[PDB]
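Protein sequences, first through last, are from chains G, F, D, P, E, H, I, C and N. Numbering of the first sequence is given in the authors' numbering, commencing with residue 2 and proceeding in unit increments. Numbering of the second sequence is given in the authors' numbering, commencing with residue 76 and proceeding in unit increments. Numbering of the third sequence is given in the authors' numbering, commencing with residue 85 and proceeding in unit increments. Numbering of the fourth sequence is given in the authors' numbering, commencing with residue 114 and proceeding in unit increments. Numbering of the fifth sequence is given in the authors' numbering, commencing with residue 39 and proceeding in unit increments. Numbering of the sixth sequence is given in the authors' numbering, commencing with residue 9 and proceeding in unit increments. Numbering of the seventh sequence is given in the authors' numbering, commencing with residue 4 and proceeding in unit increments. Numbering of the eighth sequence is given in the authors' numbering, commencing with residue 1 and proceeding in unit increments. Numbering of the ninth sequence is given in the authors' numbering, commencing with residue 111 and proceeding in unit increments. First the structure, in the form of structure tokens, and then the observations on it.
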Amino acid sequence: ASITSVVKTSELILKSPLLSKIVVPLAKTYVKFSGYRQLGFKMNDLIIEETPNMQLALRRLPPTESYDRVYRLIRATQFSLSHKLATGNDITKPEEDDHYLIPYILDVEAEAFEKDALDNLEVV
Amino acid sequence: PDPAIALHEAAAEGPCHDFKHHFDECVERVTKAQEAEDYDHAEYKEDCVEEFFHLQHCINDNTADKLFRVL
Amino acid sequence: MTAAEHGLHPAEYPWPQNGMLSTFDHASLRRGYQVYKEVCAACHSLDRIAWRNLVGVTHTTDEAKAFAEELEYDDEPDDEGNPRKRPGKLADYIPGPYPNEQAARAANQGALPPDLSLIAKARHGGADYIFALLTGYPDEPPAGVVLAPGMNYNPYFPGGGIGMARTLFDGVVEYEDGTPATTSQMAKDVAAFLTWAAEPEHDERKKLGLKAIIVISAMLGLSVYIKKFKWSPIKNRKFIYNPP
Amino acid sequence: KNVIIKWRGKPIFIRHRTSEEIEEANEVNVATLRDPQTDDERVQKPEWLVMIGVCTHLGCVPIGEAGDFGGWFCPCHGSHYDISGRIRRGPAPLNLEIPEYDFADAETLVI
Amino acid sequence: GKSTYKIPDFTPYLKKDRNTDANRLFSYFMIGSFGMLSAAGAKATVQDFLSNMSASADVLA
Amino acid sequence: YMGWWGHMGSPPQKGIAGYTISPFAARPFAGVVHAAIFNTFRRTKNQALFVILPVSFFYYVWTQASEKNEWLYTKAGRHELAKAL
Amino acid sequence: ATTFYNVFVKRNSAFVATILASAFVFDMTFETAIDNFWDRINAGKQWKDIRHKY
Amino acid sequence: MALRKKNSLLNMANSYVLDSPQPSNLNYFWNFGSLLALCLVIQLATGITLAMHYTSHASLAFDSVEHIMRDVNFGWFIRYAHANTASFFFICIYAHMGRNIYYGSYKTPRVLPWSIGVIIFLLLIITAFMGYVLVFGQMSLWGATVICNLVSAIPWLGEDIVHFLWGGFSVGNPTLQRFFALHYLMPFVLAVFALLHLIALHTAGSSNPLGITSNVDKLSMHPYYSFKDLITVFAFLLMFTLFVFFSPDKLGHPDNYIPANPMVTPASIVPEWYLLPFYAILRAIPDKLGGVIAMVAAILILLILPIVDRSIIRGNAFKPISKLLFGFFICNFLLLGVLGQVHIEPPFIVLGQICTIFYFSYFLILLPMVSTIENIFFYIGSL
Amino acid sequence: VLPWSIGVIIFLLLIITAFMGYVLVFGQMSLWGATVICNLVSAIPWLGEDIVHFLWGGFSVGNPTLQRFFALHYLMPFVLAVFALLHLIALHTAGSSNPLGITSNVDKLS
Ligand code: HEC
Ligand code: HEM
Ligand code: HEM
Ligand code: HEM
Ligand SMILES: CCCCCCCCCCCCO[C@@H]1O[C@H](CO)[C@@H](O[C@H]2O[C@H](CO)[C@@H](O)[C@H](O)[C@H]2O)[C@H](O)[C@H]1O
Ligand SMILES: CCCCCCCCCCCCO[C@@H]1O[C@H](CO)[C@@H](O[C@H]2O[C@H](CO)[C@@H](O)[C@H](O)[C@H]2O)[C@H](O)[C@H]1O
Ligand code: FES
């Protein structure tokens, strides 16, 4: 899937009062059970990056954000290999789980999808 | 004489008594049914194999170890 | 399927050779050979066993050569190219009772007695099945069983009707070692013997397995020490991050 | 009686069918038959049922005289064949194949 | 948390006698044991396995 | 997507100090008893449902099916078998 | 202990030689030890135990 | 520059087994790759050895296997090792494929190693099936009969193809000789494809259990994974030893110790345990051709996982619903296995059909649905 | 030098492959070939005779020898193929020589 698709669909759900009332609590529990925060990851650290689009979005990250991401990946890898979980300040608190990457990938994809559309234009 | 004979008899009278009685009752029914005429022109002819298996399976469970101990 | 169609499953008897560290009882093997020779060999072949195979298992070299030398086997033709017989040698296979399948079936009301060299591996149950079968002919078939002609009722045999009649009765064999030859004793001995025939490497196999288990276990323990030793720098790594 | 002749490794069932057997086979309405055929299509001589005795399901050999339509019973998956060797009950899709056989003499056939 | 000259705490894992010959020797005894059983195991494996190529019992008769 | 040593394809790293000690200076089995007990308990407890639920369900299914099949091929199950065929 | 290290471990040529000599000794002695153990747990069962009758 | 890097030949070994950069957090399920390599080596060594004692003629095949068991020095070991390692090869291969599905190893950028892998799995099935026939016992024959009669369902040409493969009108001597030649050859083909899937993988490197990049933190393949691979080698050899020396016939079927008899059909023809799930799938479809297509599709459908998994996240470590669905999928695959060996009787007929539907619906319906919904939950749940 | 040296081994494997293949026919030249050639191994001091009997699988060329040569003759061509591939990979570093013996780096053709 494209991040664009995920973001658009999520926005449709958050708009509908009924839908949000039932989905947002589920999604919060899902994320709690998912347990990525116990390895000190932010959600966006889990998105697959071996794609041209994602490589481009990562290159567009501000240097600080990029350095921090590298640290979170290295730290998580070390907890994984040790079979330990994050404790204390290493655990990602819900307020720290910011979508740092979503804006960049949405811009990269926006252009890529426009390019595909315009490659198929027909002068009327 | 064959040790198995005594061990099998003892296990039938003792721990496998319910199964012994089942087989016996079955045999009674089937023999009586065979005695009656137009048995040969019946659809279903009952056997006692099931009950026999239940009994033998039980006897073997209670005897196997004891028998090989005396050979 | 009906249980009848499957056959009754044989009990698990405590054979001497059951057990990771247990060999066959060779005295039982010898007695079992004598039952084979005096009872089964009338109808059943043991084609995969040579006289040499008994040597140092059940019999001395002299006893086995004596058994071989009592028989006649086909020799190479003489100088006029006429057929000839010779006395048996240790390399000869134990000869069967019938020349071909047709002769075998004709003697057994149509049924073909299988070769027994692999029968312990060729039936679910193994020794237990052979033991159960030979000892499991009831005096009377369960009421309501209709036996086909030339069949005998035996619950362990799938379908119930077997072409082999009960053959082991108290004192059909006179054991040379003074063991009382009861039906159960003879079945236990012959079933041991046939199990040996099917897997003659059994004793050596289990001893080599014991050595293998020990060495491989030790190497496993040491491999874990070595792994943990070499990996400890990676497991013990620590980081300090100062955001730039 | 039914004979079993090996012919190309497959078994050949040859049954010398009695009068009443032929009658039994000529009863079943063709309509109600997975593989619709009459005995006349199968045999070229009503007293000589010649079939390839491999079951049409997977390819086990039916035990003859057994069954529920008293012809042949495949023990493998329990499919019942007729006195024509037509499939009546069980997994098997087709009737037991008929080889190409010709009566050279009235006492010998080639297959 | 900030100074990189303050080495993190390794005291749970540090051996006191780490620079002794005793210490090294022990670990090489483990490595050497493992090599010894591997050598003995390889010899056994090879010798048993290749013996299949020697004259079989029927030939020897 | 992966390079080689020296140009592996990491985003630039800066600001991480890594420290480790020699295998000969470390106790390889330090805290092994605590880990074998408490760590394994934690890790197993966390994953237990994902094994228990599917295994227990499929075992129940099989148990019911095998018991029915057994019963259909008894004398008592003759009629139910006749309908099932 | 330093002595032991210096002699048998420091040079790999010596270490490998020590491992192979140990392997030889282990192989020989382990064979003998298992043989005896196997004979004791399977006592009176093996051909060697009944051979004497013949 | 070091010789291992300078010299072209050495450098190829170096790049794969020594300096190869690996993620530092591979868990023990990454060890099945090397166990499969060990199985492949044991099968080549024992296989070539048995070929030196086996005779491919149908009048002599079964007897040659008895000669191996009875006369050849350590023949029993070589035979049982070869037969049991075939079972261990399938345990390891199912584990390795299970690892790949759970951790999303099939996703970009690793679609090519995965797709070659699916072919390796097909060649392993064919290899093992032909090897089974070589014994020429009852299961050998009745296996070859049944399986090669499925080819008859190919429309128009099917019958002709069967007779061409058998080299006659039934399974017999021609079939046995040709299966021997092919069974010898197929493991070499399998080795080449195994090597191709590794070369394909070298572009991306190994995935890891977190599903994130490992480019940030790599470890040389040697010594770390060398020594970790030894632990599973010794664990494998312990299991091998228990089967080969103590219970060599536990995984097999007694019927194969009866010489093939084209007349007598054995009590029950079931394949070797590792084929049983596909056999259950085949039984589920009543149509002969349908059944064959379904059975092949059950393997080829693995090729579409790269499409039907719509997740933005690689692997199941962090996806609780996907983990549950995967658990059900795996257990159903085992239930299919068990239903492959029951009799075709009520109530297992219907049950086998339901399990078959569940098997396919994982790829076609559930995985696409579940992966889509988890995408939305991760995004909304972290807002 | 490396492609050349691997090549010398390819040539040895080809000789062995062809020799074993010749024995498989089991005609007179097959047998008498295997007899004489495997008795050259008898010249290896001390262990020579033992090695011969081990290769034959008996005391003469017979069935054991024939079966083992079949298995090896099947296998050896695959080994030969691997070495053929190694000598090419080795050669890839320098590329082909040419009949003038000069560099071709100045003038290449696909
Ligand atoms: C005079 C005939 C005869 C004697 C004596 C005889 N058998 Fe048999 N046996 C048969 C025949 C006939 C069959 C085939 C039965 C059938 O397939 O219905 C058979 C079958 C067997 C079977 C195989 C049953 C199966 O599962 O297929 C075993 C095992 C067996 N015999 C062992 C023995 C042993 C052990 C003895 C004596 C110690 C023995 N037999 C004595 C005629 C004999
Ligand atoms: C002879 C059979 C096989 C051998 C010897 C083999 C060997 C290996 C090895 C050594 C690796 C790298 C180490 C590892 O991850 O375990 C690997 C990775 C892989 N194999 Fe296999 N393999 C075999 C069969 C298969 C099959 C059947 C599949 C797929 C259906 C497959 C798909 C993969 C994939 C996708 C990877 C990359 C996984 C990753 O590291 O993320 N292989 N294999
Ligand atoms: C992936 C590799 C292989 C697998 C999975 C495999 C599998 C099998 C299997 C399952 C059998 C049936 C074993 C039995 O029940 O007795 C067998 C037999 C056989 N295999 Fe293989 N095999 C492989 C490689 C080889 C190779 C390379 C050879 C080289 C010739 C070979 C030669 C034989 C021979 C001669 C037999 C028949 C003797 C026997 O049954 O033991 N195999 N194989
Ligand atoms: C199966 C046997 C062999 C095959 C298939 C094979 C194939 C080839 C091929 C395709 C090339 C590159 C093209 C060419 O120059 O002709 C080549 C080059 C070469 N081969 Fe072979 N070869 C084989 C045996 C040998 C042998 C026996 C030797 C040496 C004793 C050898 C030594 C070389 C050398 C030194 C080159 C480089 C020559 C150059 O281009 O200047 N090869 N071989
Ligand atoms: C490059 C490697 C060097 C060449 C490799 C040599 C291969 C063949 C050498 C020995 C093979 C025959 O050597 C012989 O081995 C077998 C078992 O393996 C041993 O046999 C011994 O152990 C086995 C079980 O382990 C018993 O069944 C046997 O009764 C006993 O004598 C002999 O005591 C030994 O004389
Ligand atoms: C697995 C068994 C062990 C034998 C090796 C497997 C045989 C497969 C090797 C043949 C394929 C060629 O392998 C290919 O070669 C070159 C160098 O060797 C590697 O190249 C890699 O390593 C070298 C240095 O080590 C670097 O210059 C290069 O930047 C890097 O990508 C490729 O990543 C690999 O794909
Ligand atoms: S094979 Fe004939 S009934 Fe299935």
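Each residue gets a CB set at the ideal place from its N, CA and C atoms; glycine is no exception.
Asked                                                                                                                  : Found
Any non-hydrogen atom of ligand 5 closer than 7 Å to N:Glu159 Cβ                                                       : no
N:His197 Cβ short of 7 Å to ligand 4 heavy atom set                                                                    : yes
Beta-carbon proximity check, N:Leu165 vs N:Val151, cutoff 8 Å                                                          : yes
Residue from N:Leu176, N:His163, N:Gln177, N:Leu198 with nearest C-alpha to N:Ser115                                   : N:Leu198
Whole-Å CB distance - E:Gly39 paired with I:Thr21, under 8 Å assumed                                                   : Incorrect: roughly 49 Å between the Cβ atoms, too far for contact.
Any non-hydrogen atom of ligand 4 closer than 7 Å to N:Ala128 Cβ                                                       : no
Contact under 8 Å by Cβ, C:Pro271 with C:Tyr279                                                                        : yes
Chain-ordered neighbours of E:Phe87 on chain D, where CB pairs are closer than 8 Å                                     : Under the 8 Å cutoff, chain D gives no residues; its nearest Cβ is about 12 Å from E:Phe87.
Inter-stretch contact at 8 Å, needing at least 3 Cβ pairs: the stretch 21–30 of chain C / the stretch 74–81 of chain G : yes
Short CB-CB distance (under 8 Å) between C:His96 and chain D                                                           : no
Distance cut-off 7 Å: N:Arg178 Cβ against heavy atoms of ligand 3                                                      : no
DSSP three-state assignment for P:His193, whether helix, strand or coil                                                : strand
Meets three-Cβ-pair contact criterion under 8 Å: the stretch 314–321 of chain C and the stretch 192–211 of chain C     : yes
Simplified DSSP assignment, three categories, for P:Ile117                                                             : strand
Test: N:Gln177 CB closer than 8 Å to a CB of chain C                                                                   : yes
Heavy atom of ligand 2 within 7 Å of C:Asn27 beta-carbon                                                               : no
Where C:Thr49 falls, given that 16 or more other Cβ within 10 Å makes a residue buried                                 : buried
Short CB-CB distance (under 8 Å) between N:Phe164 and chain E                                                          : yes
Within-8 Å CB hit, E:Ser92 to chain C                                                                                  : yes
Three-way DSSP call (helix, strand, coil) for C:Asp19 in this model                                                    : coil
Where the alpha helix (DSSP H) containing D:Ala111 begins and where it ends                                            : 110–122
Within 8 Å of chain F by C-beta, residues of the stretch 94–105 of chain D in sequence order                           : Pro94, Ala95, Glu96, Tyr97, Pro98, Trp99
Status (buried if at least 16 other CB within 10 Å, exposed otherwise) for P:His193                                    : buried
As assigned by DSSP and simplified to three states, the class of G:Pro104                                              : helix
Per-residue burial, P:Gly177 [other beta carbons within 10 Å of its own, 16 or more giving buried]                     : buried
Rounded distance between the beta-carbons of C:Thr241 and D:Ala296, thought under 8 Å                                  : 5 Å
C:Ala280 (DSSP reduced to helix, strand or coil)                                                                       : helix
Burial state of H:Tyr67, where buried means 16 or more other Cβ atoms lie within 10 Å                                  : exposed
Integer-rounded CB distance, given that C:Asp229 should sit under 8 Å from C:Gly137                                    : Not quite, the Cβ-Cβ distance comes to about 36 Å (not below 8 Å), so this is no contact.
Rounded C-alpha distance that separates P:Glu210 from C:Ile154                                                         : 19 Å
CB contact check: D:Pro328 to chain G, cutoff 8 Å                                                                      : yes
Within-8 Å CB hit, C:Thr145 to chain P                                                                                 : yes
Beta-carbon proximity of D:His110 to I:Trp50, cut-off 8 Å                                                              : yes
Test item: CB-CB of D:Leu200 and D:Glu185 under 8 Å                                                                    : no
Of the residues C:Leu300, C:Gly352, C:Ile312, C:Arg310, the one placed nearest C:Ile119, counting alpha carbons only   : C:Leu300
Pair within 8 Å by beta-carbon distance, C:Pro306 and C:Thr175                                                         : no
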